[PDB]
*Asks:* 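Have a look at this one before I ask anything.
These values consider heavy atoms only, across backbone and side chains, with no hydrogens, waters or symmetry-generated copies. Every chain is numbered from 1, with letters handed out A, B, ... down the list of sequences.
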Amino acid sequence: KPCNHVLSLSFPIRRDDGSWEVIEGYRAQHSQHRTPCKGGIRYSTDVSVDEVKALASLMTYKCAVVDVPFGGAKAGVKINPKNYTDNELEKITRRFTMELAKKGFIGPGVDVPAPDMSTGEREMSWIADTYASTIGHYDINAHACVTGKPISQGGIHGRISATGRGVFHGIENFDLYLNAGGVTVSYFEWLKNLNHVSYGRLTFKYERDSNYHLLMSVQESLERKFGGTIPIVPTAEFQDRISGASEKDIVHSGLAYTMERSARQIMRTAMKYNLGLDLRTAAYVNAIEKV
Amino acid sequence: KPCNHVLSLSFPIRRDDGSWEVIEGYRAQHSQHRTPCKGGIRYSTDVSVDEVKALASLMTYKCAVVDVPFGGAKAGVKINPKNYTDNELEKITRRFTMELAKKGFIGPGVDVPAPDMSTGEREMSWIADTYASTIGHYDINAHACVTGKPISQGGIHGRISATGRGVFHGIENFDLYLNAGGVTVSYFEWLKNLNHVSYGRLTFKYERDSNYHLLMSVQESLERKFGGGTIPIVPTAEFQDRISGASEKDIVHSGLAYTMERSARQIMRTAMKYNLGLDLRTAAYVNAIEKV
Amino acid sequence: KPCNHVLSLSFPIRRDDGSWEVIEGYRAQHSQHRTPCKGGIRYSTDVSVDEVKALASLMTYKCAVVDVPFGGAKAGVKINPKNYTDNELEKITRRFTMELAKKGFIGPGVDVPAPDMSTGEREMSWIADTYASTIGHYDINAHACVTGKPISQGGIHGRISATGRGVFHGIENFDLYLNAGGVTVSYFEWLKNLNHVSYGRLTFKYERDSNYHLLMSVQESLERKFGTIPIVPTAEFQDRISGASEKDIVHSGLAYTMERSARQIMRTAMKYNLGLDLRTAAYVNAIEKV
Amino acid sequence: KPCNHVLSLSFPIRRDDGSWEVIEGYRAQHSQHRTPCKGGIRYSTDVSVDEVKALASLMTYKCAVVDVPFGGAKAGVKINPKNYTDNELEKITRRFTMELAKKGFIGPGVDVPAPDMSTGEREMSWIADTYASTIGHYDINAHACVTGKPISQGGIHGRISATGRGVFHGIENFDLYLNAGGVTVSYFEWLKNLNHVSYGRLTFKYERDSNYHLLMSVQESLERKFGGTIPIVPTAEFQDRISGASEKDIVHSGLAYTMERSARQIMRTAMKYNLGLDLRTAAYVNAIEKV
Amino acid sequence: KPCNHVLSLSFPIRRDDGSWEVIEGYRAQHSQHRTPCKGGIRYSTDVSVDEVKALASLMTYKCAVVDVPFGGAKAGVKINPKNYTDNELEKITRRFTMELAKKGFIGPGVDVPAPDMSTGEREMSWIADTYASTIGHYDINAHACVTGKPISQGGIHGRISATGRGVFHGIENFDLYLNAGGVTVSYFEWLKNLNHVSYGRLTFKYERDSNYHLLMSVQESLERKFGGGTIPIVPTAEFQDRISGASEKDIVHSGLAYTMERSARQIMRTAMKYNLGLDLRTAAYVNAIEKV
Amino acid sequence: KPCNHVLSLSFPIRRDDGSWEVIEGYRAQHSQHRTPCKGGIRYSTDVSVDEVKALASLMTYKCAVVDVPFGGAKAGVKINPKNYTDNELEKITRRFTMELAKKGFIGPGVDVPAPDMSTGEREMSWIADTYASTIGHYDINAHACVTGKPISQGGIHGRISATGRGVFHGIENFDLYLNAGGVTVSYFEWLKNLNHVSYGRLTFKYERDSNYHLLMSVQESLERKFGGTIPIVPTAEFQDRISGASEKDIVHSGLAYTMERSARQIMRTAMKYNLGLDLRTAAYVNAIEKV
């Protein structure tokens, strides 16, 4: 129930105007029953310890709902990003990463941050660069320390539309459940960074050849029965699927599978505990009993 | 041929009645040509250095037979498990893990223990917790240090059957070969722990859609030749159960069957090459020695 | 453009006759935007620092072209291999590995060497054994420190024909592009060594069962509609299933990489209005990817 | 001025009766300009974040005053030790050490804790044993992870006096200054643990031989001057000092030297800024300008 | 009481004629309550687990007697050194060091080996070079992995005469106590290797100047009390040789004498407290057990 | 004879005007027979790899002459420091340190740099801070990676006059020998940083009390012999030595000891090989046979 770790930070930054500023940030790690802990970073002037603790607990239960092996975490830096230049924001992000890494609050097997509405992929790129340069230099998984990265930096295809299509799939099956698509795709990005290869790179051509061979088998089997028949032509949509086979297809399929499994589990929990239309309680009971 | 790393341990535990007891343990590592080593832990009063060394050699040859890239290992703690409570067994297991980890005899890349007849998944969970908490805390593969874990702790689906399913497949194809199936599944669990994902998590839905599209293609190609009446789309019943119930167990079973078939073929080829009629044990041992 | 790191080594070896010889070597790492670096090791008397730097730059651009996430590297040892025995070459290789690994120029996540014209799989076996025994002993990826290894040492199936198969695929699609196929396969070997399992080990039987079930469904539907036998795969499909191995997956991945990078080069050549100068298109593609 | 890091901990323990209990804890590191940080651990039910931060700042300034190269730190566990048996107190101490060492808040070159009024040498023994057993085994200086240990566990001779001897020396020379004897003795214990040898082990006999040779030289020169005399014999108190030469003599001499130097520096600062009798301001100015 | 760690090794070497040989080795660590462990290595064909365990226990108690913060250890390689060339011995020593280092049985903070009657400073140099080159490469204290090294390789001055000097001092004060001078000097060598400086390097000239100033003070005070008439400034002969030849061996000898004197006092105190007669062995063992 | 390792670096820096610049550097490591290597860094546009190799060899032989257990090393950065501001010079120094430390060319047990004529103690501060912040953070000896630091950063007293005092001592005893005082004092600074304490901190008061007790012994013995007499008061020079006992006294005494011993060894070598006034050949022969 309670957050087991909470770190309060105070670090100096050297402003462009020529003044020193003290920046205070927070990082709450809720549960270490599953490692690493997954969590976003919020660049807002209204952040507090209570908010990061609550969001870390929510993150833990959200990960438990969609069977993502992550603990809950939440960071927050008490700044207004619209009052700082890009250089100052880069300095703030890199020093925050340094302080978190020194205290064991960042790392591919410890604590993986993610972007937020106030942050973005540039901040994730800065975090990954800072970690790989200084602390995670001798780590082969150094770039798996953060998710939400750009494609050139190790990001995953299909991350921008992850939350919306997760919401769509959750609605189609029928907060803790509907808003979990981004968490699943961040888990997939973490896996892809650990794999050091994109999804389907070794599989696409092989599966294409196997499908064509199956269609040729149907061809020849129907030609043997009666003496012209062409059961080798794929449908139009199958042809676009074959031609445009990429990582986003695998990511979308994994997201849909995860959402379907979680919806079935929530339905079964709601039936077992004699709940009606109160799906929030069913999801929370499922997450609590999984943890 | 000989075991190259035998470790004898004497460690103290506190009893439930408030006494102190010295516990003796042994860990044998036969070969490090393949890393990590792999082997079980026996809680028995009849354990000895000779037994663990022989079982480590057997583990090496068994892993070589089924193409599992593990060295042979074997542990033994000279206790009778039916004389201690669950708390004392917890303490014994955690202290044994601590000593083995300090002496470099357990780890995801050096030595992976497994359960036994006198040992279960609770001991494996205790070992994994102890290692991931103290020595392997700053290691992303900390929970790959042991196999036979519960599902919630990182265990693999399809481990209970394993040995029996492997025995069935070995008989179907036609000790060092027939009894290796469980070992194979343990290997898979190790890989799963290094993957940080369950098998088929990113593949099941994609393959299901591809199969449905293939059936769509057959349907639309046949409806062009003759005539909507033709429906080469509905899967066969059992194929529908396979689609609906696709899980990690299916992949584990398929991998086990593939490994058993490959090993049986290799053993038959070795028995033919060296002119061994019905003594398949000699053929399997020759195959394992040649591989090692 | 310039090489980030150049390391020069002078190390001693004890010959069979009992004399002491000083061996010169040098490793160039061009770029570290992608980790690890990747490059070959050349045993020759005509090697120079300029040669290894140029080949490291070419290695970086070659990796960029075929979307291989490796930096460029290249090593050279100033010896004539036809002047030393097998024991002397083993000693030279192992000491070179020790010196390179002490200074951070060998490692699964740092810098991966590969064989060359004057080196082979037996040199890579020595490198991997030396690294896994001394410096990278407590490293689960110790054998991913080098590629071009034998099958028993963790090598990949399909390595021998990699360069020629890539050349054929590149010609079929239509130096930086055509000669990259082997590099791609080396990448796969690295991935295999990080996976601790061979490709298709857990997939072949499952895919075979799925294909047979699909053909069974075709039989069931056709027999219910109108018996007929659309379950038998064709002979080529039949020996594809029977002979399903890791080298099939390696070949398919090589073909996929070649086809994708050929499309990328064609698109780059069209956009910058380069009619038949595909070398410039490939270099522009690689530069803009880096 | 502000504390750099504050860590909040919630960890579970098993009671003797067999009931799970959540224990709250805090550790503040004020400054990391000097490494390692140094600070005590208080087992009290009235501990709070504000108190540990204030005491960490005070520890930083106290260490700066007596030229001890440590940063300020302070830990507090919100328990009443009078309500726990020795076994569960041991469990609490070991688990607190485990979490603090996991998140980089205990270490020979990171953070050294010390006993308090509510803690003692047994808690320090538990902390040292826990750290040496689990987190640092390949650390050759794991013994130096904590101070205030017993002699058999690597403690320093003269630790009991420490504070009183420093108070007496400070009064004789004429809070931030008078109460810093224990900090200096803990610094000496840390140095002794890093040295892996007790003070004077390789020096006492050599110094005794040198002193006797000097006395013999004076004797022989006097006998040669006038044709005997007995300068060989030391005085009573010098003979007791020679016979009873131990490590605590060196510790006492070092403490006296540190107190004298700090008193001289504080007097110089008070003269420079024209402070008559407000020695607290002079000491704080000295510490601030040192940091 | 029992040895808590025993490691058995079987490792291959290649001889000059090319034949492969399997070499057996043992290393027993008795007590880890005081780290690092400390013990010698014996090259003999009559080595066994029982002898190395007994000698490790003896080493623990001997270190406890002379207040040396080391646990007891003992190693043995089952070879006859008079049957191998220097190259073969170098290979055997280096491979033994590698196997011990991979399993955590040698290290500056883990376990420090020492020479013996069948082993010398040459094998110590080989061990130190092997450890500092492969496993302890990124360790600032890789020098302190072993003791008994040559002076140029990090050895201590006053090591050859250590045992005899300790025996003489023990007799002067009046096995576990009399034969412990080598252990004390090996402890001093370990400390010197950790310090990265020789004893007295930064102190000799300072003490010389202070000693010459004290005598000058006495001379000037006497010249003021009475009517350069008096010369107290000159030291006596033996003091002059002590000043001129001040080196590390003097400090080592003084430390050894201090340790032996303190241990003799403690043994006398123990023999008086428990009312023991002329049997000092029992008093020494009781003292060592009480300290442990 | 040859240098074992020569590293060539090309790294980018950002200028104040807003332009990227490529900076070339290189560090030669002569021999690893005595870890760590030791050598200075020259910020000069005329540096070449041949000069750094020659100076590394000279450093090896110079260290061998004065019994300093360091291998030779030498670094050079091809910039003219007069063309850069302090900010971009700090950036250059920090990035050079980063690149050198990533590939095992900076470290307390690997390779210790030192200042030069074109490089001062502020560059040493930058190097030490960069190393202790990024790669050597979990190293207890992180601040021993470099010498020539300021006193507040872990520098040694008596470092400024080291070369001149060594030259004077060498002349009084009678390049490879005369110019080795700075190397010895840098070795003492490395030892001081390893010890984590100043020289004489735990010794000065003890020696003072011992000297006063010896004078008391002489006084009492002479009073008991003939009937008073005052052979207790130290001389003027001894009184200032007692009052002003500092670490620089120990450093000066160690330097004098090293110079005297090296002069004796060079004289013995010159006699042994029948060399006359050619002491340079004697010093080189001594260094060669010591290595």
*Asks:* With a 4.5 Å heavy-atom cut-off, do D:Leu178 and D:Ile171 have their side chains touching?
*Replies:*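 Yes, close enough: below the 4.5 Å cut-off.
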*Asks:* Scan E:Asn195, E:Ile140, E:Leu194 and name whichever one has a side chain to side chain contact (heavy atoms under 4.5 Å, CB included) with F:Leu194.
*Replies:*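 Answer after filtering E:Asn195, E:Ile140, E:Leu194: E:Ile140.
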*Asks:* List for me each residue that meets side chain to side chain contact (heavy atoms under 4.5 Å, CB included) alongside F:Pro150, sequence neighbours excluded, and say none if there are none.
*Replies:*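 F:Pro150 satisfies side chain to side chain contact (heavy atoms under 4.5 Å, CB included) with F:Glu121, F:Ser125, F:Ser152, F:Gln153 once adjacent residues are dropped.
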*Asks:* Determine yes or no for a side-chain-to-main-chain donor-acceptor pair under 3.5 angstrom, with E:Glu261 supplying the side chain and E:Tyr258 the backbone.
*Replies:*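 Here the side-chain-to-backbone pair does not exist.
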*Asks:* Can a donor-acceptor pair be found between the side chains of D:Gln239 and D:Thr235 at a distance below 3.5 Å?
*Replies:*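 The answer is no; no qualifying pair exists.
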*Asks:* Is any side-chain heavy atom of D:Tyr199 less than 4.5 Å from a side-chain heavy atom of D:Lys248?
*Replies:*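 Side chain of D:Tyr199 against side chain of D:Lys248, heavy atoms only: no contact under 4.5 Å found.
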*Asks:* Nearest 0.5 Å, please: how far is NE2 in D:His137 from OH in D:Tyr131?
*Replies:*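 D:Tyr131 OH to D:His137 NE2: 12.5 Å, rounded to 0.5 Å.
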*Asks:* At their closest point, which heavy atom of D:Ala28 faces which heavy atom of D:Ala56, and how far apart are they?
*Replies:*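 Reported closest heavy-atom pair: O-CB, 3.8 Å.
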*Asks:* May I have the list of side-chain donor-acceptor pairs in residues 161-168 of chain D shorter than 3.5 Å, sequence neighbours left out?
*Replies:*
none

*Asks:* Ignoring hydrogens and angles, tell me if any N or O in the side chain of D:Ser118 forms a donor-acceptor pair with the backbone of D:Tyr43 under 3.5 Å.
*Replies:*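 Between the backbone of D:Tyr43 and the side chain of D:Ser118 there is a qualifying donor-acceptor contact (under 3.5 Å).
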*Asks:* Donor-acceptor pair, E:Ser31 side chain versus E:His33 backbone, under 3.5 Å?
*Replies:*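 No, the answer is negative, given that no donor and acceptor are paired below the 3.5 Å cut-off.
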*Asks:* Any donor-acceptor pair under 3.5 Å linking the side chain of E:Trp190 with the backbone of E:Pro108?
*Replies:*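 Here the side-chain-to-backbone pair exists.
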*Asks:* Any side-chain heavy-atom pair from A:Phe11 and D:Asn4 closer than 4.5 angstrom?
*Replies:*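 The answer is no; the side chains never approach within 4.5 Å.
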*Asks:* Do the side chains of D:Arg94 and D:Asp129 get nearer than 4.5 Å, heavy atoms only?
*Replies:*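 D:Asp129 vs D:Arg94: side chains touch.
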*Asks:* Tell me every residue that passes salt bridge (charged side-chain N to carboxylate O under 4.0 Å, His left out) with D:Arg261, counting only those two or more places apart in sequence or in another chain.
*Replies:*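 Result, salt bridge (charged side-chain N to carboxylate O under 4.0 Å, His left out) vs D:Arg261: D:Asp67.
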*Asks:* Would you find a donor on one side and an acceptor on the other, under 3.5 Å apart, between the side chain of D:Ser186 and the backbone of D:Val183?
*Replies:*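 At least one qualifying donor-acceptor pair exists.
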*Asks:* Taking side chain to side chain contact (heavy atoms under 4.5 Å, CB included) as the test, write out the residues that go with D:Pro115, two or more places apart.
*Replies:*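 D:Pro115 satisfies side chain to side chain contact (heavy atoms under 4.5 Å, CB included) with D:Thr119, D:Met124 once adjacent residues are dropped.
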*Asks:* Hey, what do you get for OG (D:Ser133) to CD (E:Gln32), rounding to the nearest 0.5 Å?
*Replies:*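 Answer rounded to 0.5 Å: 11.0 Å.
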*Asks:* Side chains of D:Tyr177 and D:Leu279, heavy atoms from C-beta outward: is any pair under 4.5 Å?
*Replies:*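 In short, these two side chains do not touch, never coming nearer than 4.5 Å.
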*Asks:* Whether the side chain of F:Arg159 engages the backbone of F:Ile151 through a donor-acceptor N/O pair (distance < 3.5 Å, no angle test) should be reported.
*Replies:*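 Side chain of F:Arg159 to backbone of F:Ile151: no pair is present.
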*Asks:* Within the 3.5 Å criterion, strictly below it, is a donor on D:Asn87 or D:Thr85 matched to an acceptor on the partner's side chain?
*Replies:*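 Note: D:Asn87 and D:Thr85 side chains miss the donor-acceptor criterion.
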*Asks:* Does the side chain of B:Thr134 come within less than 4.5 Å of D:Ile135's, by heavy atoms?
*Replies:*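 No - every pair of side-chain heavy atoms lies 4.5 Å or more apart.
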*Asks:* Which pair of non-hydrogen atoms, one from D:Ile106 and one from D:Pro113, has the smallest distance, and what is that distance?
*Replies:*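 Taking D:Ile106 first and D:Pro113 second, the nearest heavy atoms are CD1-CG, 3.9 Å.
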*Asks:* Say you draw a straight line from CG of F:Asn193 to CG of F:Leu191; how long is it, rounded to the nearest 0.5 Å?
*Replies:*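 With rounding to 0.5 Å, CG (F:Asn193) is 9.5 Å from CG (F:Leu191).
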*Asks:* Restricting to side chain to side chain contact (heavy atoms under 4.5 Å, CB included), what partner residues turn up for F:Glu207, sequence neighbours left out?
*Replies:*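 Partners of F:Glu207 by the side chain to side chain contact (heavy atoms under 4.5 Å, CB included) criterion, ordered by chain and then number, come out as E:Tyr206, F:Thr203, F:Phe204.
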*Asks:* Could you pull out all residues at least two apart from D:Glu237 that satisfy side-chain hydrogen bond (donor to acceptor under 3.5 Å, both in side chains)?
*Replies:*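 Result, side-chain hydrogen bond (donor to acceptor under 3.5 Å, both in side chains) vs D:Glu237: none returned.
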*Asks:* For residues D:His30 and D:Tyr61, establish whether the separation of their ring centroids is below 6.0 Å.
*Replies:*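 Aromatic pair counts; centres sit under 6.0 Å.
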*Asks:* In chain order, what residues pass the side chain to side chain contact (heavy atoms under 4.5 Å, CB included) check against D:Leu55, with sequence neighbours excluded?
*Replies:*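 Once residues adjacent in sequence are excluded, the partners of D:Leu55 under the side chain to side chain contact (heavy atoms under 4.5 Å, CB included) criterion are D:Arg42, D:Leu58, D:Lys74.
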*Asks:* For F:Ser198, what residues pass the side-chain hydrogen bond (donor to acceptor under 3.5 Å, both in side chains) criterion, not counting sequence neighbours?
*Replies:*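 Once residues adjacent in sequence are excluded, the partners of F:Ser198 under the side-chain hydrogen bond (donor to acceptor under 3.5 Å, both in side chains) criterion are F:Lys192.
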*Asks:* Measuring from atom CD of D:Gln29 to atom OG1 of D:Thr35, what distance do you get when rounded to the nearest 0.5 angstrom?
*Replies:*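 If I round to the nearest 0.5 Å, the distance is 8.5 Å.
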*Asks:* Hey, mind stepping through D:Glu247 and D:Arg201 against salt bridge (charged side-chain N to carboxylate O under 4.0 Å, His left out) and telling me if it holds?
*Replies:* CA-CA 8 Å; D:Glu247 181 192 40; D:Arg201 175 98 184 235; over 6 Å; no
*Asks:* What's the shortest heavy-atom distance between D:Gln265 and D:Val65, and which atoms?
*Replies:*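 In terms of heavy atoms, the two residues are closest at OE1-O, 4.2 Å.
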*Asks:* D:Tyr84 and D:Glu90: side-chain donor and acceptor closer than 3.5 Å?
*Replies:*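 D:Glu90 and D:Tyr84 do not have a side-chain donor-acceptor pair below 3.5 Å.
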*Asks:* Could you give the distance from SG (D:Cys3) to CZ (D:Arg27), rounded to the nearest 0.5 Å?
*Replies:*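 The SG atom of D:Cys3 sits 11.5 Å away from the CZ atom of D:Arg27.
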*Asks:* Can you check whether F:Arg241's main-chain N or O pairs, donor with acceptor, with F:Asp249's side chain at less than 3.5 Å?
*Replies:*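 No; judged by distance alone, with no hydrogens or angles, the pair does not exist.
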*Asks:* Show your working on side-chain hydrogen bond (donor to acceptor under 3.5 Å, both in side chains) between D:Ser48 and D:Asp50 and close with a plain yes or no.
*Replies:* CA-CA 6 Å; D:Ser48 73; D:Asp50 289 66; 4.9 Å; no
*Asks:* For A:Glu24, check salt bridge (charged side-chain N to carboxylate O under 4.0 Å, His left out) against everything at least two apart and list the hits.
*Replies:*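 Salt bridge (charged side-chain N to carboxylate O under 4.0 Å, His left out) check on A:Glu24 returns A:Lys78.
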*Asks:* Ignoring hydrogens and angles, state whether a donor on the side chain of D:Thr45 or D:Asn80 is under 3.5 Å from an acceptor on the partner side chain.
*Replies:*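 No, no side-chain donor-acceptor pair sits under 3.5 Å.
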*Asks:* Check whether any side-chain N or O of D:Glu123 sits under 3.5 Å from a backbone N or O of D:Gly120 as a donor-acceptor pair, and report yes or no.
*Replies:*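 Judged by distance alone, yes, a pair lies under 3.5 Å.
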*Asks:* Do D:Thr258 and D:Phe188 come close enough that some side-chain heavy atom pair is under 4.5 Å?
*Replies:*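 With C-beta onward as the side chain, the pair touches.
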*Asks:* Listing request: all salt bridge (charged side-chain N to carboxylate O under 4.0 Å, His left out) pairs with a residue in residues 95-106 of chain D, at least two apart in sequence or in separate chains.
*Replies:*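 Of all non-adjacent pairs touching residues 95-106 of chain D, those that pass salt bridge (charged side-chain N to carboxylate O under 4.0 Å, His left out) are D:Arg95-D:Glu99.
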*Asks:* Taking D:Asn173 for its side chain and D:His169 for its backbone only, find out whether a donor-acceptor pair lies under 3.5 Å.
*Replies:*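 The answer is yes, because a donor-acceptor pair under 3.5 Å joins these two groups.
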*Asks:* Between D:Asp86 and D:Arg122, does any NZ, NE, NH1 or NH2 come within less than 4.0 Å of an OD or OE carboxylate oxygen?
*Replies:*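 Counted as a salt bridge, because a side-chain N and a carboxylate O are separated by less than 4.0 Å.
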*Asks:* Nearest 0.5 Å, please: how far is CG in D:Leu89 from CD1 in D:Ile79?
*Replies:*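 Going from the CD1 atom of D:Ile79 to the CG atom of D:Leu89 covers 5.0 Å.
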*Asks:* Count the heavy atoms of every other residue, nucleotide or ligand shown that sit under 6.0 Å from NZ of E:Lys291, and state whether that count exceeds 12.
*Replies:*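 Buried by this count: over 12 neighbours within 6.0 Å.
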*Asks:* Mind listing the closest non-hydrogen atom pair of D:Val49 and D:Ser8 along with its distance?
*Replies:*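 That closest heavy-atom pairing would be CG2-OG, 4.5 Å.
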*Asks:* Which heavy atom in D:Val185 sits nearest to a heavy atom in D:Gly158, and how many Å separate them?
*Replies:*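 It is CG1-O, 4.1 Å.
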*Asks:* Kindly check if the number of other-residue, nucleotide or ligand heavy atoms within 6.0 Å of NZ (D:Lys1) is above 12?
*Replies:*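 Not buried by this count: 12 neighbours or fewer within 6.0 Å.
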*Asks:* Name all residues meeting the salt bridge (charged side-chain N to carboxylate O under 4.0 Å, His left out) criterion together with D:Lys205; count only those two or more places apart in sequence or in a different chain, and write none if there are none.
*Replies:*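 Testing D:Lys205 for salt bridge (charged side-chain N to carboxylate O under 4.0 Å, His left out), a comparison that skips the adjacent residues, returns D:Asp209.
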*Asks:* Quick one: list whatever passes salt bridge (charged side-chain N to carboxylate O under 4.0 Å, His left out) with F:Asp139, sequence neighbours left out.
*Replies:*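 Salt bridge (charged side-chain N to carboxylate O under 4.0 Å, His left out) list for F:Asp139, sorted by chain: empty.
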*Asks:* Is the shortest heavy-atom distance from the side chain of A:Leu9 to the side chain of D:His5 under 4.5 Å?
*Replies:*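 Yes, at least one pair of side-chain atoms sits under 4.5 Å.
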